[PDB]
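Chemist:
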Amino acid sequence: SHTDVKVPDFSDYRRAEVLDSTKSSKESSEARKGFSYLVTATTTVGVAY
Amino acid sequence: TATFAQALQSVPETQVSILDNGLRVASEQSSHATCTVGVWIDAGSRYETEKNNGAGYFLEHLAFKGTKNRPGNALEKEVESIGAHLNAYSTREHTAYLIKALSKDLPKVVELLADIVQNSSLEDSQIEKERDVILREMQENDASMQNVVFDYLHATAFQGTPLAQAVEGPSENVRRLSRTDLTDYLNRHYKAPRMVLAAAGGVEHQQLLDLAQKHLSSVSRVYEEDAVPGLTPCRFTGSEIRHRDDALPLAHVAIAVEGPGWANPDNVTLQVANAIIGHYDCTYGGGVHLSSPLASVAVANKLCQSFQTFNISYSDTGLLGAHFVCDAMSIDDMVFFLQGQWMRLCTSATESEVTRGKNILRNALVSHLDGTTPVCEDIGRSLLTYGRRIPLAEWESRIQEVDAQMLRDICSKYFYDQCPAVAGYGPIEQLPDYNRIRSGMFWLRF
Amino acid sequence: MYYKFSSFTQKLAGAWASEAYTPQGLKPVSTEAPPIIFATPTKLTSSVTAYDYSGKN
Amino acid sequence: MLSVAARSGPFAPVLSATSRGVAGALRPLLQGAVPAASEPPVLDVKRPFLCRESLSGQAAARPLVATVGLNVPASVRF
Amino acid sequence: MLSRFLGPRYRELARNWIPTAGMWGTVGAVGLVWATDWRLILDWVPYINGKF
Amino acid sequence: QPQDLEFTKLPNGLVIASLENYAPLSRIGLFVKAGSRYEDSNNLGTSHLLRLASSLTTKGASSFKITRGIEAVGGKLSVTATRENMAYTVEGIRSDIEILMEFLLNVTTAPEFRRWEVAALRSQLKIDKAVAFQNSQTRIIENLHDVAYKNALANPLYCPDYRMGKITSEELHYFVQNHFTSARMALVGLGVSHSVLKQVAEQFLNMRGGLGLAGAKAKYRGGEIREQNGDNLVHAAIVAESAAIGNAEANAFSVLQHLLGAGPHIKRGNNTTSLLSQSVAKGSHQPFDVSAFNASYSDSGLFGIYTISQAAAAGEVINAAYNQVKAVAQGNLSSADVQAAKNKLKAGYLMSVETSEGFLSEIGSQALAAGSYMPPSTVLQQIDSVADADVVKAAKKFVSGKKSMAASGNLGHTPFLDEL
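Protein chains in written order, with the authors' numbering: chain E, 1 to 49; chain A, 1 to 446; chain I, 1 to 57; chain T, 1 to 78; chain K, 1 to 52; chain B, 20 to 439.
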């Protein structure tokens with residue numbers, strides 16, 4: 001059936017803030033995209049300089 | 001004469017009473033000669049531990065195949081003795097057994113429901129027969145691509161949690177399914193404080209309360225281990241599942257974000273957002289003059305076969321998004337247009353669209369609650385989710401609080417710059433990469 | 001015949017007699033449930049022990 | 001019991017066809033979609049028979065015999 | 001011939017788009033000040049008073 | 020308690036009925052005796068395109084105005100069609116009923132029927148016929164009506180493929196000016212007072228006055244049709260002629276179909292009380308379903324059996340069902356099963372008039388056929404006044420009459436009508 005189709009574990013790839021399947025997301029999600037857009041922002045500052 | 005708010009005020013109130021067991025007995029009375037009486041149980045597929053995944057569905061199968069008091073099809077004959085309709089469903093969070101009947105047979109039907117509550121005989125030959133029937137209807141439900149996409153979206157949106165597993169479970173669980181685990185599931189998930197006996201139509205609340213005190217007294221009241229089963233939260237995962245099978249003629253794609261839940265009131269505002277976008281399929285007769293911009297664009301450019309928008313809510317979680325079936329050669333373009341509409345609701349929601357969505361939501365909320373059966377369903381799910389039956393006047397008061405500013409604030413809260421869950425099935429080569437979709441979930445012009 | 005719990009709305013909608021009350025097909029037997037093959041299955045493990053406080057003794 | 005469509009129990013939406021010009025607030029069950037099917041081939045038009053002399057000989061009188069050639073066009077006789 | 005663009009919906013659209021356009025004008029002004037080293041502005045910013 | 024249903028027979032023949040429900044949403048519908056019964060062979064499929072032309076340009080309201088006006092208030096406009104009558108129903112909030120009735124009556128009285136709009140609409144009717152023929156019951160009931168009647172009811176609900184691209188605006192205007200006449204209109208309203216409906220009907224619908232073009236008089240021919248399409252299941256419908264609507268024999272045939280099996284009562288039920296299901300289940304071991312079909316129109320009816328079975332076991336299923344009906348016709352029935360069938364019929368009618376849209380359909384149908392409303396208690400008393408000898412006589416009329424058989428599937432083992 002299509003109910004046999006199961007996603008395997010990604011625990012060897014996930015971030016530390018979303019490793020737990022019991023706690024909810026959307027609490028640390030803004031911190032994660034803040035870190036990623038901070039990396040993007042400082043790269044864009046460097047290339048603009 | 002009467003206005004809309006006065007007419008909603010004139011709707012009768014749902015009477016709710018309690019038992020010593022913890023049963024919630026609720027009833028809404030109208031002037032109909034028929035009635036719908038059902039039992040709603042807070043036990044879905046979310047309460048299973050991955051080794052009893054098909055347990056509630058298999059109980060729903062064996063629930064109508066005889067009891068200890070009424071062995072076998074004679075039970076069915078009883079439901080056909082009075083001309084009653086016996087229906088049931090199982091969800092990821094709820095289970096319901098409901099009977100439509102007349103009012104004059106209102107005692108015995110309650111007793112019949114009580115039988116299916118607490119005396120369900122599980123014969124082993126019936127286990128093998130219903131195992132074959134479950135395998136047959138899972139291979140039948142594989143043909144319907146919409147349910148496959150729904151299950152794929154739930155599997156990829158809540159990975160590693162008890163909300164990813166399907167209602168019916170995997171096939172191997174159906175093969176090795178014993179009777180002891182069904183008895184354990186019935187013992188630990190069919191207790192009295194997780195049950196609502198709901199009646200709608202030509203009923204009396206005192207007579208129904210007396211019948212529940214007679215038949216539905218002492219259902220379980222005991223956890224049998226002094227271990228209350230609870231529900232941990234389920235982690236939403238922005239991810240993507242793509243089932244590529246080019247032999248199918250059409251492709252189904254669903255894109256969702258994480259929803260707020262049941263008790264969070266902005267649900268109502270999010271309903272208005274869906275009412276702005278709406279639904280469309282090829283059998284409609286509006287042409288290019290449809291009010292929804294997505295529907296008008298899809299008609300004009302011949303993009304999609306059909307689309308719909310959903311706001312599915314579970315206990316402090318949910319999915320919120322769109323699902324469309326279309327040919328391969330349009331898929332990417334449809335995604336683009338859909339994302340544009342979402343960002344429009346995040347940036348430039350106007351007052352006329354908000355008023356139209358509010359009118360559509362009022363029409364949907366009242367037009368759903370016609371007849372005894374959806375009213376009984378509303379009562380049971382309201383006492384199970386909110387803990388109370390929310391009146392339609394309170395829905396009207398909640399709709400009237402919505403203007404364009406809080407609508408675009410809520411849409412910026414939930415839709416804007418968020419990781420979606422994408423489920424695809426069919427010729428989905430032109431379905432864009434997840435980086436493209438995540439880029440399309442925000443605007444550079446804001 | 002009257003209502004089926006569907007249409008992505010968590011509600012009962014209008015359905016036919018052959019779709020709401022006979023959801024199984026009229027095929028004689030179920031055909032097959034084919035397995036899924038993969039490169040290499042990943043490892044699944046949990047971590048919730050954490051630690052405790054520190055002090056004297 | 002009038003209302004023939006409602007009098008027939010299971011065959012209620014088979015004996016009556018319902019469509020809409022303006023979509024409702026409630027989403028319909030079984031939205032449905034036309035799959036991309038095949039198309040018939042395009043053939044040149046044939047001679048009409050609007051006089052009695054051209055209809056002379058057009059009526060069948062023999063068992064029908066098909067013939068497929070390799071480099072001969074496929075023919076049929078009545 | 002722009003009398004089509006007179007109405008309450010277009011007024012609400014423009015009113016929604018004032019702060020984003022103002023912020024983009026602020027970005028363009030700061031970018032033109034920084035890339036040209038204008039003495040009318042950097043002499044007022046307290047940190048950048050070293051090259052002039 | 021809401022007010023009683025109240026009627027008014029206008030001098031132009033229009034029948035208006037209103038019930039003040041004090042409902043939050045009002046539903047208002049016009050019922051017209053203008054089905055596919057009234058098409059001859061030169062205007063086939065006109066009723067299908069007229070059904071799909073409910074949002075075209077009218078006088079005073081264009082297509083854009085109609086769609087954007089009904090869609091802004093949240094209400095809906097829909098149209099349903101049997102083979103005998105159509106119904107244009109709008110529904111919406113009671114503060115919007117004035118513009119909703121304006122839109123409904125402008126749609127249903129004076130459509131402009133422009134050429135380019137129906138030229139756009141013909142592809143839509145092709146798509147509609149494809150979606151409607153995606154299932155299997157619709158095609159076999161359509162062929163059953165094709166073979167059961169020789170005229171005036173063999174005209175299908177959906178436009179034939181040869182007529183697509185051939186319906187013009189002139190024959191749509193001709194059909195409207197013949198069959199949308201005021202002597203065959205029932206304007207019914209739930210949630211609206213009689214004053215508003217009466218004043219709108221007197222102010223706007225004095226355009227046509229005549230009785231209209233009628234005189235169909237459908238006749239029975241019988242026979243069979245076979246559709247070899249290679250499905251693993253075989254669908255079969257074997258019917259015969261039966262009495263019309265509005266008679267005691269129609270109630271006898273309804274009691275007979277609820278005795279023989281008239282649809283499921285239990286989700287994934289075993290159909291214990293259905294006699295045909297009992298006979299096939301004692302005869303077979305395969306998945307199947309056998310039900311009883313009854314379609315009783317104003318002048319004639321069709322009653323019979325409908326089986327879906329396997330390709331290799333269609334003959335035993337059809338023979339078992341026919342032998343069960345033959346056993347019922349000989350007098351092999353008990354009074355408890357007749358009482359159960361009567362209770363099933365009463366509950367089925369009362370559940371059919373449960374919701375507001377089914378109730379309004381019942382109001383419009385009884386207002387068209389009789390000009391008044393029978394209360395449901397009188398209908399239940401008419402159900403209760405049927406003897407089992409009338410059921411035996413109805414089964415004997417079905418058995419001893421000429422038949423119409425429509426079959427679809429792999430019909431290698433499917434018996435012909437001479438072998439039943």
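Idealized CB from N, CA, C, for every residue including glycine.
Can you look up residue 27 of chain B in the DSSP assignment and give me helix, strand or coil?
Modeler: The residue you call residue 27 of chain B lines up with position 8 of the sixth sequence. The answer is strand: DSSP assigns residue 27 of chain B an E or B state.
Chemist: Measuring alpha carbon to alpha carbon, tell me which residue in B:384, B:432 and B:436 is nearest residue 5 of chain T.
Modeler: The count along the fourth sequence starts at 1 and reaches residue 5 of chain T at position 5. Answer by Cα proximity: B:384.
Chemist: List the residues of chain B that residue 11 of chain I touches, going by C-beta distances under 8 Å, in chain order.
Modeler: Stepping through the third sequence from its first residue, residue 11 of chain I is reached at position 11. Going along chain B, no residue has its Cβ under 8 Å from residue 11 of chain I, so there is no contact; the nearest lies around 14 Å.
Chemist: Among A:434, A:411, A:111 and A:347, which has the Cα closest to the Cα of residue 419 of chain A?
Modeler: Sequence index remark: in the second sequence, residue 419 of chain A carries index 419 (1-based). Comparing Cα positions, the closest option is A:434.
Chemist: Taking DSSP's pairing of strands, which residues face residue 449 of chain A in a bridge?
Modeler: Since the first and last residues shown for chain A are 1 and 446, residue 449 of chain A lies out of range.
Chemist: So the candidates are A:171, A:415 and A:426; which of them puts its Cα closest to the Cα of residue 35 of chain I?
Modeler: Looking up residue 35 of chain I in the third sequence gives position 35. For the residues A:171, A:415 and A:426, the minimum Cα distance to residue 35 of chain I belongs to A:171.
Chemist: Express the C-alpha separation of residue 147 of chain B and residue 298 of chain A in angstroms, rounding to a whole number.
Modeler: The residue labelled residue 298 of chain A in the question sits at position 298 within the second sequence. The residue labelled residue 147 of chain B in the question sits at position 128 within the sixth sequence. Near 17 Å, if we compare the C-alpha coordinates of residue 147 of chain B and residue 298 of chain A.
Chemist: Going by DSSP, what residue range makes up the alpha helix (DSSP H) through residue 368 of chain A?
Modeler: On the second sequence, residue 368 of chain A is found 368 positions in, with the first residue counted as 1. Element bounds for residue 368 of chain A: 351 to 368.
Chemist: Name the one or two DSSP bridge partners that residue 65 of chain A has.
Modeler: Here residue 65 of chain A corresponds to residue number 65 of the second sequence, with the count starting at 1. The partner list for residue 65 of chain A (beta bridge, DSSP) is empty, contrary to what the question assumes.
Chemist: Buried or exposed for residue 386 of chain A, going by 16 or more other Cβ atoms inside 10 Å?
Modeler: Within the second sequence, the letter at position 386 stands for residue 386 of chain A. Answer is exposed; the Cβ neighbour count stays below 16.
Chemist: Between residue 18 of chain E and chain I, is any beta-carbon pair separated by less than 8 Å?
Modeler: In the first sequence, residue 18 of chain E corresponds to position 18, counting from 1. It does not: the Cβ of residue 18 of chain E has no partner Cβ on chain I nearer than 8 Å.
Chemist: State yes or no: is the beta carbon of residue 87 of chain A nearer than 8 Å to at least one beta carbon in chain I?
Modeler: Mapped onto the second sequence, residue 87 of chain A falls at position 87. Cβ-Cβ to chain I under 8 Å: yes for residue 87 of chain A.
Chemist: For residue 4 of chain K and chain A, any beta-carbon pair shorter than 8 Å?
Modeler: Taking the fifth sequence and counting its residues from 1, one reaches residue 4 of chain K at position 4. Chain A contact via Cβ: absent.
Chemist: With a cut-off of 8 Å, does the C-beta of residue 57 of chain B fall near any C-beta of chain T?
Modeler: The sequence position of residue 57 of chain B within the sixth sequence is 38, counting from 1. No, residue 57 of chain B does not count as interfacial toward chain T.
Chemist: Using the beta-carbon of each residue, which ones in chain A are nearer than 7 Å to residue 132 of chain B?
Modeler: Position 113 of the sixth sequence, counted from the first residue, corresponds to residue 132 of chain B. Correct list: empty, because the minimum Cβ distance to chain A is about 15 Å.
Chemist: Just to confirm before moving on: does the CB-CB distance between residue 425 of chain B and residue 433 of chain B stay below 8 Å?
Modeler: For the purposes of this step, residue 425 of chain B is identified with residue 406 of the sixth sequence, where counting begins at 1. For the purposes of this step, residue 433 of chain B is identified with residue 414 of the sixth sequence, where counting begins at 1. No, Cβ-Cβ distance for residue 425 of chain B and residue 433 of chain B is not below 8 Å.
Chemist: In the DSSP output, what is residue 247 of chain B paired with across the bridge?
Modeler: The residue labelled residue 247 of chain B in the question sits at position 228 within the sixth sequence. DSSP lists B:428 as partners of residue 247 of chain B.
Chemist: Measure the beta-carbon distance from residue 6 of chain E to residue 256 of chain A and round it to whole angstroms, keeping in mind my assumption that it falls under 8 Å.
Modeler: For the purposes of this step, residue 6 of chain E is taken as the residue at position 6 of the first sequence. For the purposes of this step, residue 256 of chain A is taken as the residue at position 256 of the second sequence. With 8 Å as the limit, residue 6 of chain E and residue 256 of chain A do not qualify as a contact, their Cβ atoms being about 19 Å apart.
Chemist: Against residue 27 of chain T, what residues of chain I qualify as contacts under a CB-to-CB distance less than 9 Å, listed in chain order?
Modeler: Working through the fourth sequence from its first residue, we reach residue 27 of chain T at position 27. 7, 8, 9 and 13, listed in chain order.
Chemist: Please list, in chain order, the chain I residues whose beta carbon lies closer than 8 Å to that of residue 287 of chain B.
Modeler: One-based indexing of the sixth sequence puts residue 287 of chain B at position 268. The answer, in chain order, is 21, 22, 23 and 24.
Chemist: When DSSP builds the beta bridges, which residues end up paired with residue 99 of chain A?
Modeler: Numbered from its first residue, the second sequence carries residue 99 of chain A at position 99. DSSP output for residue 99 of chain A lists A:37 and A:86 as bridge partner(s).
Chemist: Quick one: grab the DSSP three-state call for residue 334 of chain A.
Modeler: Here residue 334 of chain A refers to the residue found at position 334 when the second sequence is read from its first residue. Reduced to three states, the DSSP call for residue 334 of chain A is helix.
Chemist: With a CB to CB cut of under 6 Å and the five nearest residues on each side skipped, what residues in its chain are close to residue 286 of chain A?
Modeler: Reading the second sequence from its first residue, position 286 is the one you call residue 286 of chain A. Once the five neighbours on either side are set aside, residue 286 of chain A has no close Cβ partner at all.
Chemist: With distances taken between CB atoms, is the gap from residue 377 of chain A to residue 5 of chain A smaller than 8 Å?
Modeler: Walking along the second sequence from the start, residue 377 of chain A turns up at place 377. Walking along the second sequence from the start, residue 5 of chain A turns up at place 5. No, the Cβ-Cβ distance between residue 377 of chain A and residue 5 of chain A is not below 8 Å.
Chemist: Using C-beta distances below 8 Å, list every residue in its chain close to residue 35 of chain E, excluding the 5 sequence neighbours before and after it, in chain order.
Modeler: Here residue 35 of chain E is taken as the residue at index 35 of the first sequence, counted from 1. Nothing listed; no residue qualifies.
Chemist: What residues of chain I sit near residue 52 of chain E, judged by a beta carbon separation below 8 Å?
Modeler: Past the boundaries of the shown model lies residue 52 of chain E; chain E is included only from 1 to 49, so the question cannot be answered.
Chemist: Taking the C-alpha atoms as reference points, what is the distance between residue 320 of chain A and residue 258 of chain A?
Modeler: The count along the second sequence starts at 1 and reaches residue 320 of chain A at position 320. The count along the second sequence starts at 1 and reaches residue 258 of chain A at position 258. Distance between the alpha carbons of residue 320 of chain A and residue 258 of chain A is about 6 Å.
Chemist: I want to verify the contact list: residues of chain F whose CB lies under 9 Å from the CB of residue 20 of chain K, in sequence order.
Modeler: Of the protein chains in the structure, E, A, I, T, K and B, none is chain F.
Chemist: Write down every uninterrupted run of the alpha helix (DSSP H) in the region 117 to 160 of chain B whose length is 4 residues or greater and which is fully enclosed by it, in chain order.
Modeler: As far as the region 117 to 160 of chain B is concerned, its whole alpha helix (DSSP H) runs of at least 4 residues are 134 to 151.
Chemist: Once DSSP output is grouped into helix, strand and coil, what is the label at residue 49 of chain T?
Modeler: The residue you call residue 49 of chain T lines up with position 49 of the fourth sequence. Coil.
Chemist: Distance, Cα to Cα, residue 418 of chain B vs residue 339 of chain B?
Modeler: The sequence position of residue 418 of chain B within the sixth sequence is 399, counting from 1. The sequence position of residue 339 of chain B within the sixth sequence is 320, counting from 1. For residue 418 of chain B and residue 339 of chain B, the distance between alpha carbons rounds to 14 Å.
Chemist: By Cβ distance below 8 Å, which residues in the same chain neighbour residue 72 of chain A in space, the five residues on each side in sequence not counted?
Modeler: By 1-based counting over the second sequence, the position of residue 72 of chain A is 72. Within the same chain, residue 72 of chain A has close Cβ partners 65 and 66.
Chemist: Rounded to whole angstroms, what is the Cα-Cα separation between residue 416 of chain A and residue 296 of chain A?
Modeler: Taking the first residue of the second sequence as position 1, residue 416 of chain A is located at position 416. Taking the first residue of the second sequence as position 1, residue 296 of chain A is located at position 296. Rounded to whole angstroms, residue 416 of chain A to residue 296 of chain A spans 23 Å at the Cα level.
Chemist: Residue 28 of chain A touches chain B at which residues, Cβ-Cβ below 7 Å?
Modeler: In the second sequence, the residue the question calls residue 28 of chain A occupies position 28. None at all; the shortest Cβ gap to chain B is about 14 Å.
Chemist: Can the beta-carbon of residue 44 of chain B be found less than 8 Å from the beta-carbon of residue 110 of chain B?
Modeler: In the sixth sequence, counting from the first residue as 1, residue 44 of chain B sits at position 25. In the sixth sequence, counting from the first residue as 1, residue 110 of chain B sits at position 91. Going by C-beta atoms, residue 44 of chain B is nearer than 8 Å to residue 110 of chain B.
Chemist: Could you say if the region 295 to 310 of chain B and the region 39 to 55 of chain I meet the contact criterion of at least three C-beta pairs nearer than 8 Å?
Modeler: The answer is no - the region 39 to 55 of chain I does not touch the region 295 to 310 of chain B, with fewer than three Cβ pairs under 8 Å.
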